[PDB]
Amino acid sequence: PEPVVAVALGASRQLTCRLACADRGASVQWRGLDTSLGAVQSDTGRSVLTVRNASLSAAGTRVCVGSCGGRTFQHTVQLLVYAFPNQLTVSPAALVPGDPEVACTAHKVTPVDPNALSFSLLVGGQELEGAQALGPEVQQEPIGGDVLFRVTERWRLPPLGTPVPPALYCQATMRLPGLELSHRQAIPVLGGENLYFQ
Amino acid sequence: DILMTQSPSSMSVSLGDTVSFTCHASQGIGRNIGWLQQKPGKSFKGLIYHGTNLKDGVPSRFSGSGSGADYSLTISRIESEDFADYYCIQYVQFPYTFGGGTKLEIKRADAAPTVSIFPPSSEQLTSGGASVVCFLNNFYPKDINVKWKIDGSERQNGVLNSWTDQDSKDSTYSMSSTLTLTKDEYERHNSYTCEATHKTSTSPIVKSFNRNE
Amino acid sequence: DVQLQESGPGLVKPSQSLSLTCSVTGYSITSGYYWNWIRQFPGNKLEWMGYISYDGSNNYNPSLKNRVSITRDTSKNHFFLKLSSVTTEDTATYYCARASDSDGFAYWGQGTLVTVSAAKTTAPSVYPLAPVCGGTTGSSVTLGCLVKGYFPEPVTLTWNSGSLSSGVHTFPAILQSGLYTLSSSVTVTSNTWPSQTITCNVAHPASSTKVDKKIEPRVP
Ligand SMILES: *[C@@H]1O[C@H](CO)[C@@H](O)[C@H](O)[C@H]1NC(C)=O
């Protein structure tokens, strides 16, 4: 069971590795990456990896190696750099009762794994029954360093019915270790005296 | 800045022995130290990183130790190609700072200076100057005295001396001494003598010549 | 096999700007690692000037903070160092080095010497030193080369274009009156000279001069 440490993009986090060695020539070390310089502060029984302004490059598998009297040990930890900005867009921007579909798109997001990034279409708090997700469509968008993603989910709308809901809400949920983040974007539903006279 | 104080400034050791020099940082640096080797005249080469890591391709004779603010480079089984200046660098905070260095000299058998003397070339004498050059090659130790004589009288001023770095093969030193005279006062004397005083012999090693003769 | 080699003017006038180039080959300066500039003053004191990282970010030494600028050119795989308002106390040998938490300052350039001075560039006078008339025979014979009155450093002295690397002793330059003087000796077997030709080759890049002076026996 490989541990998983989540850190938001641009955030900071300290990973610490200790070694119980009562001998001489005891060393413990985080395997430094060619993308850092001075990120590791080691001693003889403890080593602290430091991540400031976390980028996607610092993301990956980090290994902590220890030696105790000519005896080497290693323990792995998965470092996860996630980005979950408040950038949701909806197509169409507004809904009309009778419409067959609605699309939500989360921008500049990662990870995109379904087990992490889930979409739900809410009405007045909870999920709108009668909906039907039509499978996510993950797309890599171009933001130079580094590769982020644009996931889009589409629903098959049910008959909204009467009374007409004030609006539907697209919710993007991201599940992380011991943490759930969510974002919502409003999809107003136009109804009734829409265009009227005098 | 973080001040890196390493000692000693220099040390002499015999072929095959084991030596160490320390580096003391003004504050704790969590093993974020590099040891650099600089052969005389040439560039650097990073031997050790993060205190105790041996860069691949570097002999196991080298090893680093320490933590907090005190680190030591330790060379064992000293070979002929280990005679250099050694620096420590810290990179745990900006700016990255270096140590003063540690010149590592090699001990060997005392050697006699092979002396050669050279009168002013024909070409130099046409311009208006005159230099008498005396080469003292492959001797040990580095400390050696040179004395110039013209017609028996010792000439002090007008003498420039330059020592080479320790030859990384035979472990010996070499030196040149140049006596600079005017063409006039050069063609007015007959005898030019270059004599070395080294601990390898109580009797000075003498080279000389006579102008034209 | 990663290689770094510095390059740039060896002489720079006070107040002007000093620019050097590091041509990196064998690894892409965008793939990873931090690319540093270090200088070594006469007397062998070292100082880190700054670096530019793989991602293009910079970080400089506060003591030089206003004047330093480390830019790059990903196309040619070069990175550069510029220093402004240069005084004489910037005279030093400038090195470039690639460092990171996996290697730790493992690769360096050959180093380039930059002198700051308002003095004129002067080519060396090269004098061939031939053995003394008469004297005594030897299994070996020593020839010399006097390289006098040049500025600035450095000069490059080889014998027979480098073919003769054994038995050669080149001495450190020395300053008299704002001009450098340097000597070099070479020892060969007595049957070799003057049977074969021994040439002293002096190169002074600052003045773009190459002197190839041949050592000849003396005449009375
Ligand atoms: C964080 O790093 C990015 C580049 O990776 C840079 O654009 C940004 O300015 C940095 N922010 C801080 C606080 O250093």
# chains A, B, ... in the order shown; residues from 1 in each chain; ligands from 1
>>> closest_atom_pairs(of="chain C", to="chain B", cutoff="7 Å", atoms="only C-alpha atoms", output="CSV")
residue,atom,partner,partner_atom,distance
C:45,CA,B:100,CA,6.4
C:46,CA,B:98,CA,6.1
C:47,CA,B:97,CA,6.4
C:48,CA,B:96,CA,5.7
C:61,CA,B:95,CA,5.2
C:103,CA,B:55,CA,6.4
C:104,CA,B:49,CA,4.8
C:105,CA,B:46,CA,5.5
C:106,CA,B:46,CA,4.4
C:107,CA,B:45,CA,6.5
C:108,CA,B:44,CA,6.3
C:109,CA,B:43,CA,6.9
C:110,CA,B:43,CA,5.2
C:111,CA,B:43,CA,6.2
C:127,CA,B:121,CA,6.5
C:128,CA,B:121,CA,6.5
C:129,CA,B:121,CA,6.0
C:130,CA,B:118,CA,6.9
C:131,CA,B:118,CA,6.2
C:132,CA,B:118,CA,6.2
C:171,CA,B:164,CA,5.4
C:172,CA,B:162,CA,6.2
C:220,CA,B:212,CA,6.4
>>> write_last_selection(atoms="C-alpha atoms", output="short mmCIF file (atom, residue, chain, number, x, y, z; two decimals), in the first residue's frame")
data_model
loop_
_atom_site.label_atom_id
_atom_site.label_comp_id
_atom_site.auth_asym_id
_atom_site.auth_seq_id
_atom_site.Cartn_x
_atom_site.Cartn_y
_atom_site.Cartn_z
CA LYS C 45 38.44 33.10 -3.84
CA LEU C 46 35.22 31.69 -5.29
CA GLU C 47 31.79 33.32 -5.58
CA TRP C 48 28.46 32.10 -6.94
CA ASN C 61 23.53 36.88 -5.57
CA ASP C 103 24.54 15.27 -9.30
CA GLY C 104 25.42 18.29 -7.20
CA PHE C 105 27.65 20.57 -9.28
CA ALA C 106 29.06 17.68 -11.33
CA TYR C 107 29.84 19.37 -14.66
CA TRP C 108 31.88 22.52 -15.24
CA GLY C 109 33.34 24.48 -18.13
CA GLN C 110 37.05 24.95 -18.77
CA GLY C 111 36.80 28.47 -17.36
CA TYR C 127 62.40 35.01 -28.07
CA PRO C 128 63.91 31.57 -28.77
CA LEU C 129 66.36 30.49 -26.06
CA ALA C 130 69.05 28.18 -27.45
CA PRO C 131 71.65 26.37 -25.30
CA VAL C 132 74.94 28.03 -24.36
CA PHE C 171 55.92 28.88 -15.86
CA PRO C 172 53.16 31.22 -14.55
CA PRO C 220 79.51 33.78 -32.78
#
>>> closest_atom_pairs(of="chain C", to="ligand 1", cutoff="10 Å", atoms="only C-alpha atoms and all ligand atoms", output="tab-separated table")
residue	atom	partner	partner_atom_place_in_ligand_line	distance
C:55	CA	ligand 1	5 (O)	6.9
C:56	CA	ligand 1	4 (C)	8.5
C:57	CA	ligand 1	4 (C)	7.2
>>> closest_residue(among="A:133, A:77, A:56, A:22", to="residue 3 in chain A", atoms="only C-alpha atoms")
A:77
>>> closest_atom_pairs(of="chain A", to="chain B", cutoff="8 Å", atoms="only C-alpha atoms", output="Markdown table")
| residue | atom | partner | partner_atom | distance |
| --- | --- | --- | --- | --- |
| A:37 | CA | B:91 | CA | 7.3 |
| A:38 | CA | B:92 | CA | 4.8 |
| A:39 | CA | B:92 | CA | 7.8 |
| A:40 | CA | B:32 | CA | 7.6 |
| A:41 | CA | B:30 | CA | 4.4 |
| A:42 | CA | B:30 | CA | 5.1 |
| A:43 | CA | B:67 | CA | 6.0 |
| A:44 | CA | B:67 | CA | 7.5 |
>>> write_last_selection(atoms="C-alpha atoms", output="PDB file, in the first residue's frame")
ATOM      1  CA  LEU A  37      18.588  22.001  -5.691  1.00  0.00           C
ATOM      2  CA  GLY A  38      18.655  22.180  -1.895  1.00  0.00           C
ATOM      3  CA  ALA A  39      15.191  20.652  -1.554  1.00  0.00           C
ATOM      4  CA  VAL A  40      16.426  17.897   0.760  1.00  0.00           C
ATOM      5  CA  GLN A  41      17.716  18.512   4.281  1.00  0.00           C
ATOM      6  CA  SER A  42      19.221  15.301   5.623  1.00  0.00           C
ATOM      7  CA  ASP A  43      20.712  14.241   8.924  1.00  0.00           C
ATOM      8  CA  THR A  44      21.762  10.829  10.318  1.00  0.00           C
TER       9      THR A  44
END
>>> interface_residues(of="chain A", to="chain C", cutoff="7 Å", atoms="only C-alpha atoms", output="list in words")
residues 32, 33, 34, 35, 36, 37 and 38 of chain A
>>> write_last_selection(atoms="C-alpha atoms", output="tab-separated table (two decimals), in the first residue's frame")
chain	number	residue	atom	x	y	z
A	32	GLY	CA	16.87	14.15	-5.14
A	33	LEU	CA	15.52	15.02	-8.57
A	34	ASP	CA	17.39	16.87	-11.31
A	35	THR	CA	14.64	19.50	-11.03
A	36	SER	CA	15.54	20.61	-7.49
A	37	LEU	CA	18.59	22.00	-5.69
A	38	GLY	CA	18.65	22.18	-1.90
>>> atom_distance(atom1="CA of residue 153 in chain A", atom2="CA of residue 177 in chain A")
23.4 Å
>>> decode(residues="range 153-189 of chain C", atoms="N, CA and C atoms", output="compact mmCIF listing (two decimals), in the first residue's frame")
# COMPACT_ATOMS: atom_id res chain seq x y z
N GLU C 153 46.24 38.74 -20.21
CA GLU C 153 46.33 37.29 -20.18
C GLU C 153 45.09 36.73 -20.87
N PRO C 154 45.16 35.47 -21.31
CA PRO C 154 46.33 34.61 -21.16
C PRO C 154 47.06 34.42 -22.48
N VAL C 155 48.19 33.71 -22.43
CA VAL C 155 48.86 33.27 -23.64
C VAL C 155 48.90 31.75 -23.62
N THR C 156 49.00 31.14 -24.79
CA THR C 156 49.04 29.69 -24.89
C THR C 156 50.34 29.25 -25.56
N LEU C 157 51.15 28.52 -24.81
CA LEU C 157 52.46 28.11 -25.31
C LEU C 157 52.56 26.59 -25.42
N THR C 158 52.88 26.11 -26.62
CA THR C 158 53.11 24.69 -26.84
C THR C 158 54.39 24.53 -27.64
N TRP C 159 54.96 23.33 -27.61
CA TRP C 159 56.14 23.04 -28.41
C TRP C 159 55.79 22.10 -29.56
N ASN C 160 56.26 22.42 -30.76
CA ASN C 160 55.91 21.64 -31.94
C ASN C 160 54.41 21.41 -32.05
N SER C 161 53.64 22.46 -31.77
CA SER C 161 52.19 22.44 -31.95
C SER C 161 51.51 21.41 -31.05
N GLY C 162 52.18 21.06 -29.95
CA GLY C 162 51.61 20.14 -28.98
C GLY C 162 52.16 18.73 -29.08
N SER C 163 52.91 18.46 -30.15
CA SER C 163 53.47 17.13 -30.39
C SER C 163 54.47 16.76 -29.31
N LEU C 164 54.97 17.77 -28.61
CA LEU C 164 56.02 17.59 -27.63
C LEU C 164 55.50 18.01 -26.26
N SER C 165 54.84 17.08 -25.58
CA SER C 165 54.21 17.36 -24.29
C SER C 165 55.04 16.83 -23.13
N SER C 166 56.07 16.05 -23.44
CA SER C 166 56.88 15.42 -22.42
C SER C 166 58.15 16.22 -22.19
N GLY C 167 58.45 16.49 -20.92
CA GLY C 167 59.66 17.20 -20.57
C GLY C 167 59.52 18.71 -20.73
N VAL C 168 58.28 19.18 -20.72
CA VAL C 168 58.02 20.61 -20.91
C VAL C 168 57.56 21.25 -19.61
N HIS C 169 58.12 22.41 -19.29
CA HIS C 169 57.75 23.14 -18.09
C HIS C 169 57.42 24.57 -18.46
N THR C 170 56.15 24.94 -18.36
CA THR C 170 55.74 26.30 -18.63
C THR C 170 55.42 27.01 -17.32
N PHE C 171 56.03 28.17 -17.12
CA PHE C 171 55.92 28.88 -15.86
C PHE C 171 54.82 29.95 -15.90
N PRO C 172 54.19 30.19 -14.74
CA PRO C 172 53.16 31.22 -14.55
C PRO C 172 53.64 32.60 -14.97
N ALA C 173 52.77 33.38 -15.60
CA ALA C 173 53.12 34.72 -16.03
C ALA C 173 53.33 35.62 -14.82
N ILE C 174 54.08 36.69 -15.03
CA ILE C 174 54.38 37.67 -14.00
C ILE C 174 54.30 39.07 -14.57
N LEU C 175 53.84 40.01 -13.76
CA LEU C 175 53.64 41.39 -14.20
C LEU C 175 54.83 42.29 -13.97
N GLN C 176 55.46 42.81 -15.02
CA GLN C 176 56.32 43.97 -14.81
C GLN C 176 55.84 45.14 -15.67
N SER C 177 55.55 46.24 -15.00
CA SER C 177 55.08 47.48 -15.61
C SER C 177 53.84 47.36 -16.50
N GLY C 178 52.85 46.58 -16.08
CA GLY C 178 51.60 46.50 -16.82
C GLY C 178 51.67 45.57 -18.02
N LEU C 179 52.77 44.83 -18.13
CA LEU C 179 52.94 43.86 -19.20
C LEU C 179 53.40 42.53 -18.61
N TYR C 180 52.88 41.45 -19.16
CA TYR C 180 53.16 40.12 -18.65
C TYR C 180 54.39 39.50 -19.30
N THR C 181 55.11 38.69 -18.53
CA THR C 181 56.24 37.94 -19.05
C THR C 181 56.12 36.50 -18.61
N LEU C 182 56.50 35.61 -19.51
CA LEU C 182 56.33 34.18 -19.31
C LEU C 182 57.48 33.45 -19.97
N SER C 183 57.90 32.35 -19.37
CA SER C 183 58.98 31.55 -19.93
C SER C 183 58.54 30.10 -19.96
N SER C 184 59.21 29.31 -20.80
CA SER C 184 58.90 27.89 -20.90
C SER C 184 60.13 27.14 -21.38
N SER C 185 60.40 26.00 -20.76
CA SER C 185 61.54 25.18 -21.14
C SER C 185 61.07 23.80 -21.57
N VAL C 186 61.87 23.16 -22.41
CA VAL C 186 61.58 21.80 -22.85
C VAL C 186 62.87 20.99 -22.96
N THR C 187 62.84 19.75 -22.47
CA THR C 187 64.01 18.88 -22.46
C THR C 187 63.81 17.70 -23.40
N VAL C 188 64.75 17.52 -24.33
CA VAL C 188 64.74 16.39 -25.26
C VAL C 188 66.09 15.69 -25.32
N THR C 189 66.16 14.57 -26.03
CA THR C 189 67.43 13.86 -26.19
C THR C 189 68.36 14.66 -27.11
